[PDB]
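Just one chain is shown here, as structure tokens, and it is the form deposited in one PDB entry.
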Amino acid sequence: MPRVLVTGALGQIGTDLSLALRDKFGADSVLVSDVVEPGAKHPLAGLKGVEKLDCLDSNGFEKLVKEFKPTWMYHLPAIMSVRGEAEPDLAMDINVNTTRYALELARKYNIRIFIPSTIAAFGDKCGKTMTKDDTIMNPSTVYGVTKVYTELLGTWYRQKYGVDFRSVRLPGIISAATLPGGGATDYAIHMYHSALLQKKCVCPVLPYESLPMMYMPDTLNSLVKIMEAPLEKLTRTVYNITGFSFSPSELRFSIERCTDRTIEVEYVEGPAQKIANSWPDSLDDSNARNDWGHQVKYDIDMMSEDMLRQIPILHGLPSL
């Protein structure tokens, strides 16, 4: 049974992942860290086994790994697609350096290490329908560029040192618990909050711009499952996974079907649009399905029903 370290643990993925790992392997077997502390409303506030770590401090990062002695690590800090364009130096610092430190520690301390990649690693030469695991990588964002680096450096650590590096290219991830951290797909979570607040949604992504997406439970299931898999079953280090593709107008219809009313959305292009338009419309994840059993239980309407219930509960919004 693993000892699991999670870095960048208090963001959107880390929040749900930390809780899932604690529930599955026990609180004692999981250490959760982040450069900031949980806010008093955060789901991890008050819990033991939650520490402060700046992953840019390699010596600090090493210290924490030395005492906890993880056998697995999920390294989650990164600056994402939209925010990276506005804060590229921070993106380059975090996405490149913390990753290098994390891999070097996985090597030194024999840790199975997960570092998520992203559909943002792709650009407009990727082949955009059912994009393959191996294709041309020409990302149009610095974030995407740093993630191509992460995939390649991770794979080199595997080849060179036998570090058990594992990764998935995550689509847009939808969840209710922690608000998203500045990717091009953040509109989707915000459209649900707008609909519950009964306010105008100003959606920065164009109405028919379809993207690969996934609801958090399927994401967590796959994050754990790829890490539990035997090394010998994995034919590669980095795997596309997807849940289902949708455009904003499809998301809108879902919400309207579940709320049984119209919601108002104005499509005014923001920076997310040119970025999203460069990305795949859908991914081929057959390698992941075949090698380690990636699977998808939610569709858009099951997601919408769950989001519409969970947001009022977790954030105190009005409900249906």
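Note that residue numbering begins at 1 and tracks the sequence as displayed. Each form is matched to the other, and the largest set of C-alpha atoms that superpose within 1.5 Å is called the rigid core.
Omitted here: the form deposited in another entry. The next part is about that form.
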- request: Might you check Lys125, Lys200, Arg107, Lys132 and identify the only one whose CA position changes by 2 Å or more between this form and the one not shown on rigid-core superposition?
  value: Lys200
query: Quick one: once the rigid core is lined up, does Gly183 have its C-alpha move by 2 Å or more between this form and the one not shown?
result: yes
query: Taking the rigid core as the reference frame, is the Cα of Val265 displaced by 2 Å or more between this form and the one not shown?
result: yes
